[PDB]
Structure formats: structure tokens, C-alpha cells
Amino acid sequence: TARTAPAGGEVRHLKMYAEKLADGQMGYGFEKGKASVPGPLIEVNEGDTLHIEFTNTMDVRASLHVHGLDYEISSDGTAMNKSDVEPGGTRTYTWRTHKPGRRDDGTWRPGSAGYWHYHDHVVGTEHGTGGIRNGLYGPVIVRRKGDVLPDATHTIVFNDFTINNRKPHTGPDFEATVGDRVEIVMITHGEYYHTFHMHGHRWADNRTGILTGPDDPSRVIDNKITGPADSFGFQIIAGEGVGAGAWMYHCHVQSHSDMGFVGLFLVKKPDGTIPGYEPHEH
């Protein structure tokens, strides 16, 4: 009786741009002039095909490389396989997804479903080190039929020391009301390992971050080590068993949190108030 994903299998078309931003960053967007860091969420159902008409509006070569989804070598997004895009150029990248199922040999083919991500592979170096650092990364979600759908999805990227390329002490913060079903996509990039920690909430360390029932032995956690290009996701009920509050999330590596890269999960009562949080003190 929660909302759930339907069966997939449609062909989808989408336009994407890589742009240099006024402050020197680089971002992806669905419209020229509306690039963001992280780039926009792409969400499909297992079985869907996605044709991305990608335009590089920058003055250097750029590409689009995706984790997890099915792509032929011509949509690798690498210079080696001649899959990047010249300045001002356009290229159609195709990502496919499949449902799980029994193979002819009796084995089980896993589906595409999961929390994934896309990023540049040619800016700065042949592994996209400069593009990733500048902001060319974004999330991808592939739903299995029957997966629970959230009220809202927030993307948190640990990129080197930053969260979502933001300066220390600037969040990002996310807001919810007690009881909302909130989804988090958690991606890591760059040079360092991290440990993602969330106060007041916990999730299962498995594909969906949710336990299906009493037979799932997955660890329930509130702290998870991650490294460059790791992605996972989960859903929580905001404030469940703990109430409204300004619930911190941050990397738990002590020098990293001490740098001031922290955010708040601001869980409100219906009247918008948050116990112990005065907005004028923030």
C-alpha cells in the first residue's frame, strides 16, 4: 500500500549538456544554462532503454560514463574506445537495463536494479580526474518492479573533502516532515576513503537499504565506509522512533568532520518547528 515501481520496458529519450559554470566548476544539466552539481537524477525501471542526446558545450573534450547499466563499447565514454565528445560536439549515448531471470544453463542473471551514477571520463586526465573534481558527476537509480518508491530523493556526494562540491560549513541541508519516506543516494569520488554517518536513523546494508522481512540477515547500520566511485542508497522514515530534530550527517573520519563539511537532515513537525533548532542561530 506504499507506492511501488511498475514493470519496465519503455524506450526513453533525454537531452543532456556539459557546461562550464561561471565560478570555474563544470556541471551536467538537462537544459543549457541549468547545469547543477551534482548533475540531475536519472531514474528508470528495469527493462527501459535510455537514449541520451549529449552535447558538450565546453572548450575541452568531455564524456559521459555510467556505472552498472548495460552499454555497448561505443557508449563507454572513454577516449580509448573513441567514445568521448569534441568541444561543441554532440553524441547519442545509449544505456540499457534488464530484468533478472533464469538463464538457459539454469543460473540466475542479476538485473540492473540499484543505486548507480554517471561521470566524466576525459577532463583533465584519461580517467576524468579533473572533470570529476570540477563537478561532472550525478546519480542514476534503476528500479525493480515492486520496489518501494519514496516521497523524495536526495543525493549526497563525498567528492574529495567536499559534500557536493560545497565549501565547509555550507551544508547541504535537506528538509522533511516527521513520517516522510526519504531516499538517499550516496556516491563517493576522488582520492580518499570516507565513512558516511547519519544521526538518528539507520538502514540495511543491502541492495535497497530496506529489509524485505524477518529472513534478511543483512547488517543494520548507521555508518558505512566508502571509496571512490562507490554508490549505495537507502530509504528511511524521517524521525521514526526519534522525533523531529536537526539530525547531522557527515563523514566520521575525524579530520574530515573537523574541517566543517557537515550537513543537516532537518526533520520538522507539521508546524515547521524543530526542537532545539533556532533558525536565527544558523
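All residue numbers are counted from 1 along the displayed sequence.
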(request) Going by the average Cα B-factor in the PDB entry, point out whether 100-108 or 196-204 comes out higher. (result) 100-108
(request) Going by the average Cα B-factor in the PDB entry, point out whether 76-84 or 179-187 comes out higher. (result) 76-84
(message) Take the CA temperature factors straight from the PDB entry and tell me which of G33, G233, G68, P228 peaks.
(response) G33
(request) Report the third (lowest, middle or highest) to which the CA temperature factor of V60 belongs, ranking only the modelled residues of the same chain. (result) highest
(request) Using the B-factor values recorded in the entry, state whether the Cα atom of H117 falls in the lowest, middle or highest third among the modelled residues of its chain. (result) lowest
(request) Within this chain's modelled residues, let me know which third the CA B factor of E43 belongs to: lowest, middle or highest. (result) middle
(request) Taking the values exactly as deposited, rank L211 by C-alpha B-factor within its chain and report the matching third: lowest, middle or highest. (result) highest
(request) Could you say whether, by C-alpha temperature factor, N164 belongs to the lowest, middle or highest third of its chain? (result) lowest
